[PDB]
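The data block below is coords25.cif; it holds mmCIF, C-alpha atoms and all ligand atoms.
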```
data_run
loop_
_atom_site.label_atom_id
_atom_site.label_comp_id
_atom_site.auth_asym_id
_atom_site.auth_seq_id
_atom_site.Cartn_x
_atom_site.Cartn_y
_atom_site.Cartn_z
CA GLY A 1 -58.28 -6.85 -10.96
CA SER A 2 -61.45 -8.25 -12.59
CA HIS A 3 -60.32 -9.43 -16.07
CA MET A 4 -59.89 -13.00 -14.75
CA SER A 5 -63.33 -13.23 -13.12
CA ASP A 6 -64.70 -14.86 -16.30
CA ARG A 7 -61.90 -17.40 -16.99
CA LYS A 8 -62.60 -21.15 -17.15
CA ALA A 9 -60.82 -23.62 -14.88
CA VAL A 10 -60.16 -27.03 -16.48
CA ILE A 11 -58.44 -29.62 -14.31
CA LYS A 12 -56.30 -31.85 -16.52
CA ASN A 13 -54.63 -34.05 -13.91
CA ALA A 14 -54.82 -33.91 -10.14
CA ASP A 15 -53.64 -35.92 -7.18
CA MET A 16 -55.08 -33.55 -4.62
CA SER A 17 -58.08 -33.06 -2.31
CA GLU A 18 -61.05 -31.19 -3.79
CA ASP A 19 -60.55 -28.34 -1.29
CA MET A 20 -56.86 -27.93 -2.12
CA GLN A 21 -57.73 -28.06 -5.84
CA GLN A 22 -60.19 -25.21 -5.26
CA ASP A 23 -57.52 -23.24 -3.39
CA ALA A 24 -55.06 -23.77 -6.29
CA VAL A 25 -57.59 -22.39 -8.77
CA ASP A 26 -58.40 -19.48 -6.43
CA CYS A 27 -54.70 -18.73 -5.90
CA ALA A 28 -53.97 -18.81 -9.66
CA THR A 29 -56.96 -16.54 -10.23
CA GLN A 30 -55.60 -14.00 -7.69
CA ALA A 31 -52.13 -14.23 -9.22
CA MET A 32 -53.41 -13.58 -12.74
CA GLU A 33 -55.57 -10.68 -11.52
CA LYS A 34 -52.41 -8.98 -10.21
CA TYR A 35 -49.66 -10.07 -12.62
CA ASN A 36 -49.39 -10.21 -16.41
CA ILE A 37 -46.13 -12.19 -16.73
CA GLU A 38 -46.00 -15.98 -16.31
CA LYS A 39 -42.95 -15.95 -14.00
CA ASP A 40 -44.61 -13.52 -11.58
CA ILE A 41 -47.88 -15.50 -11.65
CA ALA A 42 -45.89 -18.67 -10.84
CA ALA A 43 -44.06 -16.91 -8.01
CA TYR A 44 -47.30 -15.69 -6.39
CA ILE A 45 -48.82 -19.19 -6.45
CA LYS A 46 -45.69 -20.96 -5.16
CA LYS A 47 -45.25 -18.52 -2.26
CA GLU A 48 -48.93 -18.75 -1.22
CA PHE A 49 -48.88 -22.54 -1.31
CA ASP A 50 -45.67 -22.66 0.79
CA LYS A 51 -47.51 -20.53 3.40
CA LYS A 52 -50.92 -22.31 3.37
CA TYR A 53 -49.80 -25.88 2.71
CA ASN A 54 -46.14 -25.96 3.87
CA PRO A 55 -42.91 -25.95 1.82
CA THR A 56 -41.76 -26.94 -0.69
CA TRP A 57 -43.92 -26.14 -3.72
CA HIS A 58 -42.92 -25.49 -7.33
CA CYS A 59 -44.98 -23.73 -9.95
CA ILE A 60 -44.78 -23.56 -13.76
CA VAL A 61 -47.14 -21.29 -15.69
CA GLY A 62 -47.25 -21.17 -19.49
CA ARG A 63 -48.82 -21.94 -22.84
CA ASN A 64 -46.21 -24.37 -24.25
CA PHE A 65 -44.31 -26.86 -22.14
CA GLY A 66 -44.02 -30.50 -21.18
CA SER A 67 -42.90 -31.81 -17.82
CA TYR A 68 -41.81 -34.84 -15.89
CA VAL A 69 -41.81 -34.28 -12.15
CA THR A 70 -42.03 -36.18 -8.84
CA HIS A 71 -44.32 -35.06 -6.04
CA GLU A 72 -45.45 -36.03 -2.56
CA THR A 73 -48.65 -38.08 -2.60
CA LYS A 74 -51.86 -35.99 -2.73
CA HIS A 75 -49.88 -32.82 -3.61
CA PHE A 76 -50.09 -32.40 -7.39
CA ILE A 77 -52.29 -30.43 -9.77
CA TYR A 78 -52.08 -29.61 -13.48
CA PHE A 79 -54.80 -27.34 -14.82
CA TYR A 80 -55.72 -24.56 -17.21
CA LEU A 81 -57.13 -21.14 -16.28
CA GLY A 82 -58.33 -19.82 -19.61
CA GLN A 83 -55.62 -20.62 -22.16
CA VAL A 84 -52.78 -20.73 -19.62
CA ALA A 85 -51.56 -23.99 -18.04
CA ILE A 86 -50.44 -24.19 -14.42
CA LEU A 87 -48.37 -27.00 -12.93
CA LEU A 88 -48.17 -26.92 -9.13
CA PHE A 89 -46.67 -29.64 -6.94
CA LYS A 90 -44.88 -30.30 -3.66
CA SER A 91 -41.43 -31.91 -3.52
CA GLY A 92 -39.09 -31.34 -0.62
CA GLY B 1 -30.59 -39.31 -34.40
CA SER B 2 -28.40 -36.52 -35.85
CA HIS B 3 -30.79 -33.55 -36.34
CA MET B 4 -29.73 -32.10 -32.95
CA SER B 5 -25.97 -32.31 -33.60
CA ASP B 6 -26.01 -28.69 -34.84
CA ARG B 7 -28.16 -27.08 -32.08
CA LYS B 8 -26.81 -24.23 -29.92
CA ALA B 9 -26.67 -24.50 -26.13
CA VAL B 10 -27.26 -21.19 -24.31
CA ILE B 11 -27.08 -21.30 -20.52
CA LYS B 12 -29.48 -18.71 -19.11
CA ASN B 13 -29.13 -19.36 -15.38
CA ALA B 14 -27.17 -22.02 -13.56
CA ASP B 15 -26.28 -22.95 -10.02
CA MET B 16 -24.34 -26.03 -11.00
CA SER B 17 -20.79 -27.31 -11.56
CA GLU B 18 -19.41 -26.92 -15.10
CA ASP B 19 -19.24 -30.72 -15.49
CA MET B 20 -22.85 -31.24 -14.42
CA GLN B 21 -23.90 -28.39 -16.74
CA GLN B 22 -22.16 -30.20 -19.59
CA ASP B 23 -23.95 -33.44 -18.66
CA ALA B 24 -27.32 -31.61 -18.65
CA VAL B 25 -26.69 -30.28 -22.16
CA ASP B 26 -25.50 -33.73 -23.31
CA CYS B 27 -28.54 -35.42 -21.75
CA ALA B 28 -30.97 -32.93 -23.33
CA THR B 29 -29.22 -33.43 -26.67
CA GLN B 30 -29.69 -37.24 -26.41
CA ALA B 31 -33.32 -36.79 -25.38
CA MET B 32 -34.09 -34.52 -28.32
CA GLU B 33 -32.31 -36.88 -30.73
CA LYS B 34 -34.72 -39.65 -29.67
CA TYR B 35 -37.98 -37.83 -28.86
CA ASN B 36 -40.02 -35.18 -30.65
CA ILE B 37 -42.50 -34.31 -27.87
CA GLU B 38 -41.57 -32.02 -24.96
CA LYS B 39 -43.03 -34.31 -22.26
CA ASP B 40 -40.98 -37.30 -23.46
CA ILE B 41 -37.81 -35.17 -23.72
CA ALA B 42 -38.40 -33.98 -20.13
CA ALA B 43 -38.96 -37.55 -18.95
CA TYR B 44 -35.70 -38.80 -20.50
CA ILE B 45 -33.67 -36.02 -18.85
CA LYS B 46 -35.30 -36.39 -15.42
CA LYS B 47 -34.80 -40.16 -15.34
CA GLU B 48 -31.13 -39.92 -16.43
CA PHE B 49 -30.39 -37.26 -13.83
CA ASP B 50 -32.05 -39.34 -11.07
CA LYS B 51 -29.69 -42.20 -12.05
CA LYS B 52 -26.43 -40.21 -12.49
CA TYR B 53 -26.91 -37.54 -9.83
CA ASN B 54 -29.43 -39.09 -7.37
CA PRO B 55 -33.16 -38.39 -6.89
CA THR B 56 -35.13 -36.23 -6.98
CA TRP B 57 -34.96 -34.21 -10.21
CA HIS B 58 -37.70 -32.38 -12.09
CA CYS B 59 -37.63 -31.32 -15.71
CA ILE B 60 -39.69 -28.84 -17.76
CA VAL B 61 -39.14 -28.55 -21.51
CA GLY B 62 -40.92 -25.98 -23.67
CA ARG B 63 -41.06 -22.79 -25.69
CA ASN B 64 -43.41 -20.71 -23.49
CA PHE B 65 -43.45 -20.88 -19.71
CA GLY B 66 -42.42 -19.10 -16.55
CA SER B 67 -41.45 -20.77 -13.30
CA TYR B 68 -40.76 -20.26 -9.65
CA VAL B 69 -39.07 -23.24 -8.04
CA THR B 70 -36.85 -24.17 -5.07
CA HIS B 71 -33.79 -26.38 -5.46
CA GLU B 72 -30.92 -27.86 -3.49
CA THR B 73 -27.79 -25.73 -3.66
CA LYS B 74 -25.60 -26.37 -6.73
CA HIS B 75 -28.40 -28.38 -8.43
CA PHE B 76 -30.16 -26.01 -10.84
CA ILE B 77 -29.89 -25.23 -14.54
CA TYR B 78 -32.05 -23.27 -16.99
CA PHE B 79 -30.91 -23.31 -20.60
CA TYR B 80 -31.91 -23.37 -24.24
CA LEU B 81 -31.01 -26.05 -26.79
CA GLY B 82 -31.91 -24.38 -30.07
CA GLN B 83 -35.27 -22.67 -29.55
CA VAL B 84 -36.41 -24.98 -26.74
CA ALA B 85 -35.95 -24.10 -23.05
CA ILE B 86 -35.09 -26.71 -20.43
CA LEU B 87 -35.50 -26.26 -16.69
CA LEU B 88 -33.83 -28.99 -14.62
CA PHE B 89 -33.44 -28.96 -10.84
CA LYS B 90 -33.20 -31.17 -7.77
CA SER B 91 -35.70 -30.92 -4.89
CA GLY B 92 -36.39 -33.84 -2.61
CA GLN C 1 -35.76 -13.71 -3.05
CA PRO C 2 -34.14 -16.68 -1.21
CA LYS C 3 -30.79 -18.00 -2.54
CA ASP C 4 -32.25 -21.42 -3.44
CA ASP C 5 -35.39 -20.14 -5.13
CA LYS C 6 -35.27 -19.44 -8.85
CA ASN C 7 -37.60 -17.56 -11.19
CA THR C 8 -37.43 -18.28 -14.96
CA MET C 9 -39.13 -16.88 -18.03
CA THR C 10 -38.84 -17.99 -21.65
CA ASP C 11 -37.78 -15.44 -24.31
CA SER C 12 -40.50 -13.93 -26.58
CA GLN D 1 -44.26 -45.02 -14.48
CA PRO D 2 -44.09 -44.60 -10.65
CA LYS D 3 -47.27 -43.50 -8.81
CA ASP D 4 -45.73 -40.21 -7.63
CA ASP D 5 -44.18 -39.23 -10.95
CA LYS D 6 -46.25 -37.16 -13.37
CA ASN D 7 -45.82 -36.33 -17.04
CA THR D 8 -47.64 -33.26 -18.47
CA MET D 9 -48.02 -31.73 -21.91
CA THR D 10 -49.78 -28.52 -22.93
CA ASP D 11 -52.53 -28.67 -25.59
CA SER D 12 -51.67 -27.54 -29.17
CO CO E 101 -58.68 -8.01 -13.61
CO CO E 102 -31.29 -36.59 -35.21
#
```
Once more with this new file: its structure as structure tokens, please.
Amino acid sequence: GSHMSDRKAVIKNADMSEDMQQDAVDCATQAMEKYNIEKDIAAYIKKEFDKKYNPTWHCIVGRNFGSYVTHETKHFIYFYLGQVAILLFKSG
Amino acid sequence: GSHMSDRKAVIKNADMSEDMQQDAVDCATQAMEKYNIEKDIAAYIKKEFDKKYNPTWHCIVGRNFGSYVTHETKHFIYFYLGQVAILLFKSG
Amino acid sequence: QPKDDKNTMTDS
Amino acid sequence: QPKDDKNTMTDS
């Protein structure tokens, strides 16, 4: 509820407007304030993005993973919040 | 080139035909025979599935992550090969 | 949870 | 690599 209010956002790779990037960081911050487990954090972010920015989003949250994904233009972000990586993108 | 020929496949969650599940395991096995890094393993699997089973697939490979994703019916698998988890699904 | 959503978590 | 594909890897 406040333990994330000091975490550092580092954008690693984005194809996304600055405003939507900010919203992704804000959403992930909110998720991590509420939830401890990666799957629940990912669920919160995905559902919020489906509401704010239309379906269909997909979210991966974790400390060790690689990915290869396809996304709609201007709808991709990969970033860290503290030591946790978040992949968030729209496809479908 | 042979160091994966003794690894155990454990299906955790699937919405997929038995034959396609077998192909996913086989594909991941081939990928891991060739590539050491999770991102390259994921890329190999995604590209093969796009070819064999049509676009658009997405693949996550790693030891620590959670996810929340949406997929087309009958086109989802989440499994381990040895100690590495593989998420593979079709959306778009 | 919708039928075509999925939620995954790696083992410890 | 296609423009709308992406490849990610976590840091060590
Ligand atoms: Co807090
Ligand atoms: Co080998």
Q.
What does the list of residues within 12 Å of ligand CO 102 (chain E) look like if you count all atoms listed in the file, written as a PyMOL selection string?
A. chain B and resi 1-7+29-36
Q: When you get a sec, could you note down which chain A residues fall within 9 Å of chain B, using only C-alpha atoms, as JSON, numbers by chain?
A: {"A": [37, 38, 39, 40, 41, 42, 43, 44, 45, 46, 47, 56, 57, 58, 59, 60, 61, 62, 63, 64, 65, 66, 67, 68, 69, 70, 71, 85, 91, 92]}
Q.
Near chain A, meaning an atom within 7 Å, which residues of chain D appear when counting only C-alpha atoms? Write them as a ChimeraX atom specification.
A. /D:4-10
Least-squares superposed chain A, target chain B, every Cα, as a PDB file with C-alpha atoms, in the frame of the given file:
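So part_2.pdb came out as:
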```
ATOM      1  CA  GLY A   1     -30.592 -39.306 -34.406  1.00  0.00           C
ATOM      2  CA  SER A   2     -28.399 -36.518 -35.851  1.00  0.00           C
ATOM      3  CA  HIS A   3     -30.790 -33.548 -36.338  1.00  0.00           C
ATOM      4  CA  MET A   4     -29.726 -32.100 -32.956  1.00  0.00           C
ATOM      5  CA  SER A   5     -25.974 -32.313 -33.604  1.00  0.00           C
ATOM      6  CA  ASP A   6     -26.006 -28.691 -34.838  1.00  0.00           C
ATOM      7  CA  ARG A   7     -28.151 -27.082 -32.085  1.00  0.00           C
ATOM      8  CA  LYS A   8     -26.812 -24.239 -29.917  1.00  0.00           C
ATOM      9  CA  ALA A   9     -26.668 -24.502 -26.131  1.00  0.00           C
ATOM     10  CA  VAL A  10     -27.255 -21.195 -24.303  1.00  0.00           C
ATOM     11  CA  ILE A  11     -27.082 -21.293 -20.517  1.00  0.00           C
ATOM     12  CA  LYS A  12     -29.477 -18.701 -19.109  1.00  0.00           C
ATOM     13  CA  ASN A  13     -29.133 -19.360 -15.382  1.00  0.00           C
ATOM     14  CA  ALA A  14     -27.167 -22.023 -13.563  1.00  0.00           C
ATOM     15  CA  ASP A  15     -26.280 -22.948 -10.020  1.00  0.00           C
ATOM     16  CA  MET A  16     -24.337 -26.032 -10.997  1.00  0.00           C
ATOM     17  CA  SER A  17     -20.784 -27.308 -11.566  1.00  0.00           C
ATOM     18  CA  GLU A  18     -19.406 -26.917 -15.096  1.00  0.00           C
ATOM     19  CA  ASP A  19     -19.237 -30.717 -15.491  1.00  0.00           C
ATOM     20  CA  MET A  20     -22.850 -31.236 -14.420  1.00  0.00           C
ATOM     21  CA  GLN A  21     -23.899 -28.382 -16.736  1.00  0.00           C
ATOM     22  CA  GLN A  22     -22.164 -30.202 -19.597  1.00  0.00           C
ATOM     23  CA  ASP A  23     -23.943 -33.438 -18.663  1.00  0.00           C
ATOM     24  CA  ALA A  24     -27.318 -31.608 -18.643  1.00  0.00           C
ATOM     25  CA  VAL A  25     -26.691 -30.285 -22.152  1.00  0.00           C
ATOM     26  CA  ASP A  26     -25.507 -33.727 -23.313  1.00  0.00           C
ATOM     27  CA  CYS A  27     -28.541 -35.423 -21.747  1.00  0.00           C
ATOM     28  CA  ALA A  28     -30.972 -32.927 -23.339  1.00  0.00           C
ATOM     29  CA  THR A  29     -29.221 -33.437 -26.670  1.00  0.00           C
ATOM     30  CA  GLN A  30     -29.692 -37.240 -26.411  1.00  0.00           C
ATOM     31  CA  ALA A  31     -33.320 -36.786 -25.377  1.00  0.00           C
ATOM     32  CA  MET A  32     -34.095 -34.517 -28.326  1.00  0.00           C
ATOM     33  CA  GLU A  33     -32.313 -36.880 -30.735  1.00  0.00           C
ATOM     34  CA  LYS A  34     -34.720 -39.650 -29.673  1.00  0.00           C
ATOM     35  CA  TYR A  35     -37.978 -37.838 -28.864  1.00  0.00           C
ATOM     36  CA  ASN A  36     -40.022 -35.179 -30.655  1.00  0.00           C
ATOM     37  CA  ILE A  37     -42.498 -34.313 -27.868  1.00  0.00           C
ATOM     38  CA  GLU A  38     -41.570 -32.025 -24.958  1.00  0.00           C
ATOM     39  CA  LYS A  39     -43.029 -34.314 -22.262  1.00  0.00           C
ATOM     40  CA  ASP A  40     -40.981 -37.295 -23.462  1.00  0.00           C
ATOM     41  CA  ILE A  41     -37.816 -35.166 -23.723  1.00  0.00           C
ATOM     42  CA  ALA A  42     -38.406 -33.984 -20.129  1.00  0.00           C
ATOM     43  CA  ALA A  43     -38.961 -37.554 -18.946  1.00  0.00           C
ATOM     44  CA  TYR A  44     -35.702 -38.802 -20.506  1.00  0.00           C
ATOM     45  CA  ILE A  45     -33.677 -36.019 -18.857  1.00  0.00           C
ATOM     46  CA  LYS A  46     -35.305 -36.382 -15.420  1.00  0.00           C
ATOM     47  CA  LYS A  47     -34.800 -40.163 -15.348  1.00  0.00           C
ATOM     48  CA  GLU A  48     -31.133 -39.916 -16.427  1.00  0.00           C
ATOM     49  CA  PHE A  49     -30.386 -37.258 -13.829  1.00  0.00           C
ATOM     50  CA  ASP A  50     -32.049 -39.334 -11.063  1.00  0.00           C
ATOM     51  CA  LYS A  51     -29.691 -42.200 -12.042  1.00  0.00           C
ATOM     52  CA  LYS A  52     -26.432 -40.205 -12.488  1.00  0.00           C
ATOM     53  CA  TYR A  53     -26.915 -37.540  -9.824  1.00  0.00           C
ATOM     54  CA  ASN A  54     -29.426 -39.092  -7.367  1.00  0.00           C
ATOM     55  CA  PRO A  55     -33.156 -38.391  -6.893  1.00  0.00           C
ATOM     56  CA  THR A  56     -35.134 -36.226  -6.986  1.00  0.00           C
ATOM     57  CA  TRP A  57     -34.960 -34.205 -10.206  1.00  0.00           C
ATOM     58  CA  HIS A  58     -37.707 -32.374 -12.093  1.00  0.00           C
ATOM     59  CA  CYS A  59     -37.629 -31.319 -15.710  1.00  0.00           C
ATOM     60  CA  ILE A  60     -39.692 -28.844 -17.761  1.00  0.00           C
ATOM     61  CA  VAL A  61     -39.137 -28.551 -21.510  1.00  0.00           C
ATOM     62  CA  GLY A  62     -40.921 -25.981 -23.671  1.00  0.00           C
ATOM     63  CA  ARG A  63     -41.057 -22.788 -25.689  1.00  0.00           C
ATOM     64  CA  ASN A  64     -43.415 -20.715 -23.488  1.00  0.00           C
ATOM     65  CA  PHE A  65     -43.446 -20.880 -19.715  1.00  0.00           C
ATOM     66  CA  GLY A  66     -42.423 -19.105 -16.544  1.00  0.00           C
ATOM     67  CA  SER A  67     -41.444 -20.775 -13.301  1.00  0.00           C
ATOM     68  CA  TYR A  68     -40.759 -20.266  -9.645  1.00  0.00           C
ATOM     69  CA  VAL A  69     -39.060 -23.238  -8.040  1.00  0.00           C
ATOM     70  CA  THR A  70     -36.844 -24.173  -5.068  1.00  0.00           C
ATOM     71  CA  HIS A  71     -33.791 -26.377  -5.467  1.00  0.00           C
ATOM     72  CA  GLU A  72     -30.927 -27.869  -3.491  1.00  0.00           C
ATOM     73  CA  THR A  73     -27.791 -25.728  -3.653  1.00  0.00           C
ATOM     74  CA  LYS A  74     -25.601 -26.370  -6.733  1.00  0.00           C
ATOM     75  CA  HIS A  75     -28.400 -28.376  -8.430  1.00  0.00           C
ATOM     76  CA  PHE A  76     -30.157 -26.004 -10.837  1.00  0.00           C
ATOM     77  CA  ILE A  77     -29.890 -25.229 -14.540  1.00  0.00           C
ATOM     78  CA  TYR A  78     -32.055 -23.272 -16.983  1.00  0.00           C
ATOM     79  CA  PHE A  79     -30.908 -23.308 -20.592  1.00  0.00           C
ATOM     80  CA  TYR A  80     -31.906 -23.364 -24.238  1.00  0.00           C
ATOM     81  CA  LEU A  81     -31.014 -26.050 -26.795  1.00  0.00           C
ATOM     82  CA  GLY A  82     -31.912 -24.390 -30.067  1.00  0.00           C
ATOM     83  CA  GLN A  83     -35.269 -22.672 -29.553  1.00  0.00           C
ATOM     84  CA  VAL A  84     -36.407 -24.978 -26.739  1.00  0.00           C
ATOM     85  CA  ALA A  85     -35.952 -24.097 -23.048  1.00  0.00           C
ATOM     86  CA  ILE A  86     -35.091 -26.710 -20.434  1.00  0.00           C
ATOM     87  CA  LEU A  87     -35.497 -26.263 -16.688  1.00  0.00           C
ATOM     88  CA  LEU A  88     -33.832 -28.991 -14.620  1.00  0.00           C
ATOM     89  CA  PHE A  89     -33.435 -28.966 -10.841  1.00  0.00           C
ATOM     90  CA  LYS A  90     -33.205 -31.174  -7.764  1.00  0.00           C
ATOM     91  CA  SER A  91     -35.698 -30.922  -4.895  1.00  0.00           C
ATOM     92  CA  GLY A  92     -36.389 -33.835  -2.604  1.00  0.00           C
TER      93      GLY A  92
END
```
**Q.** Distance query residue B:81 at most 7 Å, only C-alpha atoms, self and fewer than 5 positions along chain excluded, as a ChimeraX atom specification
**A.** /B:7-10
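Atom pair atom CA of residue B:23 / atom CA of residue C:3: separated by 23.3 Å.
Computed from the coordinates, the atom CA of residue A:17 to atom CA of residue D:1 distance equals 22.0 Å.
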Determine the axis-aligned bounding box of all atoms of stretch 53-66 of chain A present in the file, pad each side by 8 Å, and express its centre and edge lengths in Å to one decimal place as lines of an AutoDock Vina configuration file.
```
center_x = -45.8
center_y = -25.8
center_z = -10.2
size_x = 24.0
size_y = 25.3
size_z = 44.1
```
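Atom to atom, atom CA of residue B:21 and atom CA of residue C:11 stand 20.4 Å apart.
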Pull out chain D, keep N, CA, C and O atoms, and write it as a short mmCIF file (atom, residue, chain, number, x, y, z; two decimals), in the first residue's frame.
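Done, and the output landed in part18.cif:
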```cif
data_model
loop_
_atom_site.label_atom_id
_atom_site.label_comp_id
_atom_site.auth_asym_id
_atom_site.auth_seq_id
_atom_site.Cartn_x
_atom_site.Cartn_y
_atom_site.Cartn_z
N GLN D 1 14.34 -9.76 -38.34
CA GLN D 1 13.22 -9.71 -37.37
C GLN D 1 12.17 -8.67 -37.78
O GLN D 1 12.52 -7.50 -37.98
N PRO D 2 10.90 -9.09 -37.91
CA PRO D 2 9.79 -8.18 -38.26
C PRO D 2 9.62 -7.03 -37.26
O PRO D 2 9.92 -7.18 -36.08
N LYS D 3 9.15 -5.88 -37.76
CA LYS D 3 9.01 -4.66 -36.96
C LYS D 3 8.12 -4.83 -35.73
O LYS D 3 8.38 -4.25 -34.67
N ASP D 4 7.08 -5.66 -35.86
CA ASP D 4 6.11 -5.86 -34.78
C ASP D 4 6.29 -7.17 -34.00
O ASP D 4 5.42 -7.56 -33.23
N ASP D 5 7.44 -7.82 -34.20
CA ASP D 5 7.89 -8.84 -33.27
C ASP D 5 8.84 -8.20 -32.28
O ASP D 5 9.57 -7.25 -32.62
N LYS D 6 8.87 -8.74 -31.06
CA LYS D 6 9.84 -8.34 -30.05
C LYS D 6 10.38 -9.55 -29.33
O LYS D 6 9.66 -10.53 -29.11
N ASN D 7 11.64 -9.43 -28.91
CA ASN D 7 12.40 -10.47 -28.24
C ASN D 7 12.91 -9.85 -26.94
O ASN D 7 13.60 -8.83 -26.99
N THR D 8 12.55 -10.40 -25.78
CA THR D 8 13.02 -9.85 -24.50
C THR D 8 13.77 -10.88 -23.67
O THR D 8 13.51 -12.07 -23.77
N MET D 9 14.69 -10.40 -22.85
CA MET D 9 15.40 -11.25 -21.92
C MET D 9 15.62 -10.48 -20.63
O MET D 9 16.01 -9.30 -20.67
N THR D 10 15.35 -11.11 -19.49
CA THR D 10 15.60 -10.51 -18.19
C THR D 10 17.11 -10.40 -17.95
O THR D 10 17.89 -11.19 -18.51
N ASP D 11 17.52 -9.43 -17.13
CA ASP D 11 18.92 -9.27 -16.72
C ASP D 11 19.30 -10.39 -15.74
O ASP D 11 18.43 -10.92 -15.05
N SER D 12 20.59 -10.71 -15.67
CA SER D 12 21.11 -11.78 -14.79
C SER D 12 20.53 -11.78 -13.37
O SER D 12 20.78 -10.87 -12.58
#
```
